[PDB]
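Colleague: Just dropping this structure here.
Neighbour counts are summed over all protein chains in view; Cβ atoms, including those assigned to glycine, are modelled from backbone coordinates with ideal geometry. Nothing in this text is a laboratory measurement; each read-out follows from the coordinates by a stated rule.
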Amino acid sequence: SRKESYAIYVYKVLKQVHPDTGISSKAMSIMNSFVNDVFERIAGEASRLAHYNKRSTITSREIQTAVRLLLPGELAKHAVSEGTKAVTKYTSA
Amino acid sequence: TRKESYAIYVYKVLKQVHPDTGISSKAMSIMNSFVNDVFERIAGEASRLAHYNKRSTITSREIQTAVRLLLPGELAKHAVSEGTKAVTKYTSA
Amino acid sequence: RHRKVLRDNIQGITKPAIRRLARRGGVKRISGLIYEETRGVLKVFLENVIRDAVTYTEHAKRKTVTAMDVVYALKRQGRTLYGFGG
Amino acid sequence: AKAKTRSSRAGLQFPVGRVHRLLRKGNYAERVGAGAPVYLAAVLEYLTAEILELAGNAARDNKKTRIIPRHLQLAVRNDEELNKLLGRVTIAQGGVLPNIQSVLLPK
Amino acid sequence: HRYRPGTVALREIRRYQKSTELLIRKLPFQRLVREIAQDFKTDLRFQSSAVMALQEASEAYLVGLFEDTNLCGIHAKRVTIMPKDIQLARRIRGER
Amino acid sequence: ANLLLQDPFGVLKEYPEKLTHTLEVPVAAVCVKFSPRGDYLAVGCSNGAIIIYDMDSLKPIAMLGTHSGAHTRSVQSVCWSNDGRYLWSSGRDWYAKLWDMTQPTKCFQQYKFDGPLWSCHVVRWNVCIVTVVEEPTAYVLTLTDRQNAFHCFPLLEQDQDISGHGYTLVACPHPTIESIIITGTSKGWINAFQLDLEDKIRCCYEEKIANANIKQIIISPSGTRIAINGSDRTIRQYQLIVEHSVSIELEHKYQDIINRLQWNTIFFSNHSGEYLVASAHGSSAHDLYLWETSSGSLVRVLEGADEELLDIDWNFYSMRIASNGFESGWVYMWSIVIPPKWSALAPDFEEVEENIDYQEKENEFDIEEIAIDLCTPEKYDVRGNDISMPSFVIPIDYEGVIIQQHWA
DNA sequence: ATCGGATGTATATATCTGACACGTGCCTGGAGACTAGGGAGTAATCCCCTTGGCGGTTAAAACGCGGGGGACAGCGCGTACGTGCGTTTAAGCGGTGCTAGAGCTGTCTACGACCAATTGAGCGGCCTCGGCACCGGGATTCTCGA
DNA sequence: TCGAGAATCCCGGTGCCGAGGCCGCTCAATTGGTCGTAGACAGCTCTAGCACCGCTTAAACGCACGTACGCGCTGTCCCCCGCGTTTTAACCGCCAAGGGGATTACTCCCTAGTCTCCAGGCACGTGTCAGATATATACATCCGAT
């Protein structure tokens, strides 16, 4: 049956930073199960911030504040600035 | 306006097992905060457990299998028997 | 009105107040170098809690670090605090 | 750049179609906003790019082309930020960081 | 009349383990919180029951560290804690 | 400018990217304005000082506000002349002091105002349009043949009402015409004002775009683009058609979709304004922004600071961005770095970025009167500026330099 | 073993106080009736993967030996932590003032849910080949008894 | 301070399969429409946090001192490492078999949604009672001297 994955989508980021290297199928299942874990910590935390404030919407502001809660130090500051760079390509174009 | 509590529903169970004994207002707020925390452990665990089997219903069967995970040991063997007593006495009556 | 850059309030966590926290832990003889080490470990614990405690308010668009938001900051680090709601 | 496949409108390589599905039938909140899967797919792009930069980086040191799981633990435990993010975790078949306590080293 | 080195301490322990008031004073601890919160915002306003929840959660952690400073300083066969004892108990627990 | 003739291979940027200085000024500031060259930074300080900085060693040369005319309250805005000779300084001590650096401590002519100010803008080096608070006209103050007659020229026609538009809060002159003054009301509307430099003025252009308090109006230095910063969350860049006769049209809208911040100050690029910057208002916004003014996308972010940045300045020679971090008070500064080159150790090295496969030639086994001119200066730099105007060098204080070992 | 104080600690009245258990009002959330409906149960197939067995081959464990060093007790030193006594210097307090911000109400505009109508990227399946396992010569080098 | 020894490193050749590249192919992504409602405004009331002051003294502060504990330095012996020889079960690669997981397909009954009702329980004002200080005291553990 159709069991989806993030298998091909990790592969298109490996062929951006290191365009000659490959990846094993065990170390694909780690990155397939890495992305499935940082999902449940970001949408898991930004389902409390949009519940403590009696909102009902995961906006794009909570995923900013979910990331500044989880990610430590200088990964927060770069991934926040990777976010608003990529939602503004979405809003204009 | 109004802030709900579990203040009175603790208070009947205090006078049930210790019928002369009062409680303070700071040590009510702990027992108010304790009930809210065993909720979001149990209903948290009985929600992921509904998701892992790809159901969409918290039935009584999940909360039997969420008490049996969090509650360590002899509290698990009691609060299962204190549950299925009270789900028969709701259904049959 | 008053722009006071507050510095060295860490020296108010006094040498006879780390002694009494030592006593409630139930320890007998304290070194001379504990008193400038516990303040190094107190200022690490308060930095992690208040940075989350501000973030919960800064998202909520207030200028008050209310006691629901300190309790939520402690709950995220796995040190739940019963006594102020949740 | 394009019109179809919202990721290409955003300029990501992670799908914003799948992430917007997995914020509704995962039941995280009632009504997920339209900007929300865009921001989340960009962060999951960046953390996958940050690992696979450092993974193949220590793939080059080993001198092998492809990445085995042993290279992933060497990319995670050698980096402090990643280490903090992946503190609890165990990467399967991944070895440990090579260190000896230096009291045990000889004279 | 200069009772013995050590047994004022065991009279000091049994007083403090049987009592439950807050040990760090209120006003120096309230200026420590308003010093550390200057880095993360400027002109904050702490609601005055959230400088109790930062006290009774912080000195219930410092006490819980000295219970694990003492178990490893007994382990080195002495009764004197030291800063090479604290940084074991933070490292084994996983604060580093 | 000969350092940029030798620095690159020939590629030089069009915005700074990194931030390499920081003026340790502990008393805070309000406005930072450079000279018309990159040498001198006028700093509008918070208590009422002006601590003018030489931009080569990060330590000052003067202080306007020693002999006569020191600002008691805060100083709000400042501009410079065409050559950098004078200073026109607007403050909250109800005083607009035209300073001159020939006497680098004394004012020349002041005006006791009816209240505080917001901004100042010069058209010529003497005449200066000021924004008197709670006034629906702009009493532009001109230094005439006598200094005393500050003609409070009301920038409004005698019949025209901006009743329902509030007061005028911004006035910025046109670069290329030098006689039509664009002003923006406190509620929405934008006027034009053609000063005859007699005192006839024509309200050629009036309109309303959106109901907000217009904090700032800038014009691009080619006179093409004009950006408007409201009190709501938008930046409307417009295109300017002046042959007088004026009409604008909407080019682009720049917003922060995530946090919805207010934009404090905005500033344009050098030649035709191909890049728009801004500084946001709310806390945790720690960075100036950039925008490609045609496409509209967020293209780069000046991620150097730790605080919220209030004012801004872009001098085009040194390509710097000066900005006071409002919380601490320190002037953050960005600069185009130039990495060093070992290619200038000997007259023939080469820095190739890759292992080149040089082909093997035959040679490896074998064993004037041009025209000379000395008189003209330079005419155009690598940036392509108005250069060959030898600027007004600010003289250092040669009245009391001997004292400066003893007691300031 | 045990004296002599002895001194703080735990064991009894006093009695005031402001925390709490209690009595009225009300209001909004809970309870029932019932409706359509889809999600779960309950059959059914079917075939994939686990349990079992075995016949090898042999890496690996199990065992025993010597010898070496690391643990552990002992002792002595010296230093620094405790004890207290005497003395400052804020903490606590209560009190009044003040106001900046929190909370709520109410308008009202943007916007996410949802529907269908279309389709094209993504998963599954299939071929294929090169990256790494897998061993051999030698060169270094890494220790240790010379 | 080192020459014999041996484990590692390293570089090589030859082989394997599993990573990668496509071929078709369906369902999930897109979108382009409605639709109300959640959140975004200003606005207003108010209360709770902050600033301050006078006081009262409890607690920090400093110093002096003597004492016990850390530390270091011994010697001892025991027990852990090292290694050879024998032993045994892990492993791999077979076999085969069938249980159970996975899907499909009807079917039905539980519940979501809506409405109609009403009292549970919320906040408030109430007296009152179990406290905690305020106070002398009987005796447990502690201590210098015997």
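Colleague: Which ³J(HN,Hα) values, rounded to whole Hz and listed in residue order, are derived for region B:77-84 from phi using the Karplus coefficients 6.51, -1.76 and 1.60 in 6.51 cos²θ - 1.76 cosθ + 1.60 with θ = phi - 60°, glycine and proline given as x?
Modeller: The phi angles translate into 6, 8, 6, 6, 6, 7, x, 6 Hz.
Colleague: What Kirkwood Rh does the protein assembly as shown have if only Cα atoms enter the pairwise 1/r average? Answer in Å.
Modeller: Answer for the protein assembly as shown: a Kirkwood hydrodynamic radius of 33.1 Å.
Colleague: Could you give the radius of gyration (one decimal) and Dmax (whole number) of the Cα atoms in chain C, in Å?
Modeller: Computed over the Cα atoms of chain C, radius of gyration and Dmax are 16.1, 48 Å.
Colleague: Can you list the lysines whose alpha carbon is less than 17 Å from that of residue F:33, not counting same-chain residues fewer than 8 positions off?
Modeller: F:59, F:97
Colleague: Binning at 10 Å from 0, report for chain D what percent of all alpha-carbon pair distances ends up in each bin.
Modeller: Pair shares across the bins are 13, 30, 28, 21, 6, 3, 1.
Colleague: Amide H neighbours of residue F:290 under 5 Å, counting only residues 5+ apart in sequence or on other chains, H built in-plane at 1.01 Å?
Modeller: The answer is F:299, F:300, F:302.
Colleague: Taking the beta-carbon count within 10 Å as an exposure proxy, list E:49, F:35 from fewest neighbours to most.
Modeller: Details: E:49 13, F:35 24.
In order of increasing Cβ crowding within 10 Å: E:49, F:35.
Colleague: Which residues' amide hydrogens lie under 5 Å from the amide hydrogen of residue F:76, considering only partners 5 or more residues apart or on another chain, with H built in the peptide plane?
Modeller: Here the answer is F:90, F:91, F:92, since their amide H atoms fall under 5 Å of that of residue F:76.
Colleague: Now, a different point. Give me the inter-chain shielding for E:13-22: mean count of other chain Cβ atoms within 10 Å, whole number please.
Modeller: Mean shielding by partner chains, rounded to a whole number: 3.
Colleague: Calculate I(q)/I(0) for region F:62-160 by the Debye formula, one identical point scatterer on each C-alpha and no solvent, and give its log10 at q = 0.15, 0.16 Å⁻¹ to two decimals.
Modeller: -0.55, -0.63
Colleague: With θ taken as phi - 60° and the coefficients 6.51, -1.76 and 1.60, list the Karplus ³J(HN,Hα) couplings across region D:43-60 in order, rounded to whole Hz; mark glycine and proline as x.
Modeller: Karplus-based 3J(HN,Hα) across region D:43-60 equals 6, 6, 6, 6, 6, 6, 6, 6, 6, 6, 5, 6, 6, x, 4, 8, 8, 5 Hz.
Colleague: Got a sec? How would A:59, F:20, B:1 order by Cβ neighbour count within 10 Å, fewest to most? Numbers along the way, then the final one.
Modeller: On the way: A:59 22, F:20 12, B:1 2.
Going from least to most buried by this count: B:1, F:20, A:59.
Colleague: In the structure displayed, which of A:85/D:63; A:54/B:26; B:85/C:75; B:26/C:75 lie more than 24 Å apart, Cα to Cα?
Modeller: Among A:85/D:63; A:54/B:26; B:85/C:75; B:26/C:75, the Cα-Cα distance tops 24 Å for A:85/D:63; A:54/B:26; B:85/C:75.
Colleague: Can you return the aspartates and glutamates within cross-link range of residue A:77? Criterion is Cα-Cα under 13 Å, with same-chain partners fewer than 8 residues away left out.
Modeller: D:81, F:287, F:303, F:306
Colleague: Can you compute 3J(HN,Hα) from phi for each residue in region C:41-51, using the Karplus curve 6.51 cos²θ - 1.76 cosθ + 1.60 with θ = phi - 60°, rounded to whole Hz and x for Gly and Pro?
Modeller: Whole-Hz 3J(HN,Hα) from phi for region C:41-51: 9, 6, 6, 7, 5, 6, 6, 6, 6, 6, 5.
Colleague: Which of the peptides F:278-286, F:252-260, B:81-89 is most tightly packed, and how do the rest follow, judged by the mean count of other Cβ atoms within 10 Å per residue? Don't skip to the answer; put the middle values down first.
Modeller: Values: F:278-286: 20.0, F:252-260: 17.3, B:81-89: 10.9.
Sorting F:278-286, F:252-260, B:81-89 by mean packing, highest first, produces F:278-286, F:252-260, B:81-89.
Colleague: Let me ask something additional. For chain A, what number results from the quotient of the Cα radius of gyration and 2.2 N^0.38 Å?
Modeller: 1.29
Colleague: List every residue whose amide H lies under 5 Å from the amide H of residue D:24, counting only residues 5 or more places away in sequence or on a different chain, with H placed 1.01 Å from N in the peptide plane.
Modeller: Distant-sequence amide H within range of residue D:24: zero hits.
Colleague: Taking every pair of distinct Cα atoms and averaging 1/r, then inverting, what Kirkwood hydrodynamic radius in Å comes out for region F:155-243? Write out the running numbers ahead of the final one.
Modeller: On the way: mean 1/r = 0.0755 Å⁻¹.
Hydrodynamic radius (Kirkwood, Cα pairs) of region F:155-243 is 13.2 Å.
Colleague: Hey, could you get me the Stokes-Einstein D for chain F, Kirkwood radius over alpha-carbon pairs, 10 °C and 1.306 mPa s, rounded to whole µm² s⁻¹?
Modeller: Estimated via Stokes-Einstein, D reaches 68 µm²/s.
Colleague: What net charge is computed for the residues neighbouring residue F:216, neighbours being all others with C-beta under 15 Å from the C-beta of residue F:216, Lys and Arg scored +1, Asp and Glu -1?
Modeller: +2
Colleague: What does the C-alpha gyration tensor say about the overall shape of chain E? Classify as rounded when a/c is under 1.5, otherwise prolate if a/b is larger than b/c, or oblate.
Modeller: Cα axes put chain E in the oblate bin.
Colleague: Below 22 Å, Cα to Cα, which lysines can residue F:379 reach? Residues fewer than 8 away in the same chain don't count.
Modeller: By straight Cα distance, residue F:379 reaches F:13.
Colleague: Using the count of nearby Cβ atoms within 10 Å as a rough guide to exposure, how do F:290, D:44 rank from fewest to most?
Modeller: F:290, D:44
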